[PDB]
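Notes for the one structure printed next.
For the single chain, residues carry numbers from 1 onward in sequence order. Hydrogens, waters and symmetry mates are skipped; everything else that's a heavy atom, side chains included, is used.
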Amino acid sequence: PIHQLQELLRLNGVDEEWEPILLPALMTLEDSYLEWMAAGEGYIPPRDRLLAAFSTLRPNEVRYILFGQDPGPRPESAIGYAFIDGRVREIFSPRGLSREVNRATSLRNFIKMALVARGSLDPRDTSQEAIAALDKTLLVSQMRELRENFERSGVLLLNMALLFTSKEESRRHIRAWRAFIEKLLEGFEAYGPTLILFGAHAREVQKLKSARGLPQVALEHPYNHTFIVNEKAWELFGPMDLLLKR
């Protein structure tokens, strides 16, 4: 069971530094569950990416924990990060945002919000035309790069459940992973990262005894167009400059 867990961390490229925090948390899962997960069949993302959010950051670099619900329904979308859609490649296109970004509503509005936050777009014109006209030499061009700048800001992209099987079971999986999220937050108490809580998650995470210690920022949810012009979102994400290429 532990041997399997250290194989799992490996398989995902997660550094040994994570073991004091990650192994206890993963040890909160029931063991029928852990054997099944070790078989690595019947769920997304693939087992070698379950822990992808932990594969670059080290515990002492985490400054923000950004929550999502679960890896979602599309296999191509789920790559082990809470908020990033695996189907996106190019952020932009000659008419503005790419097709993949535009269908991913939350990400479309988050990117527009970032463009507004840095002052590239005026909050009253965030059309695809306004975006198409902007000079993008200094901005990232790939979803890969957006996620990497999430990690350069210390943002752990954490899903409440690290795997998905089918829509109907998502609730069950979330209940299976709660103790894990929770031991996990227990481990960060000393570090004190800020929990970034979209929509219902804010209220939900209050039920965790251990979320109580950590600082929190409750925002509404980027699927709403209102999120584009929400100045608390500008204040939180602006200093990260997530669209600036490095």
Full working for side chain to side chain contact (heavy atoms under 4.5 Å, CB included) between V205 and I181: CA-CA 10 Å; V205 187; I181 296 293; over 6 Å; no
Quick one: are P1 and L34 in side-chain contact, heavy atoms under 4.5 Å? no
Distance check, rounded to the nearest 0.5 Å: [X] atom [atom1] versus [Y] atom [atom2]?
X    : Y    : atom1 : atom2 : result
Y64  : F237 : OH    : CZ    : 9.0 Å
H225 : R108 : NE2   : CZ    : 11.0 Å
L107 : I91  : CG    : CD1   : 7.5 Å
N149 : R246 : CG    : CZ    : 3.5 Å

My understanding is that only residues two or more places apart in sequence, or in another chain, count here; which of them pass side-chain contact (heavy atoms from CB on, under 4.5 Å) with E231? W234
Not counting sequence neighbours, which residues clear side-chain contact (heavy atoms from CB on, under 4.5 Å) with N60? List them please. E17, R58, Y191
Under the side-chain contact (heavy atoms from CB on, under 4.5 Å) test against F67, which residue among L195, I196, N159 passes? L195
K183 and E186 ion-paired at < 4.0 Å: yes
Parallel, tilted or perpendicular, as decided by the 30° and 60° cut-offs, for the rings of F54 and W18: perpendicular
Checking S120 now: which residues fulfil side-chain hydrogen bond (donor to acceptor under 3.5 Å, both in side chains) with it, not counting sequence neighbours? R118
Could you go through the side chain to side chain donor-acceptor pair (under 3.5 Å) check for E148 and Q142 one step at a time? CA-CA 10 Å; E148 294 175 348; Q142 289 288 124; over 6 Å; no
Could you check whether any side-chain N or O of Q128 sits under 3.5 Å from a backbone N or O of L97, counting only pairs where one atom can act as donor and the other as acceptor? yes
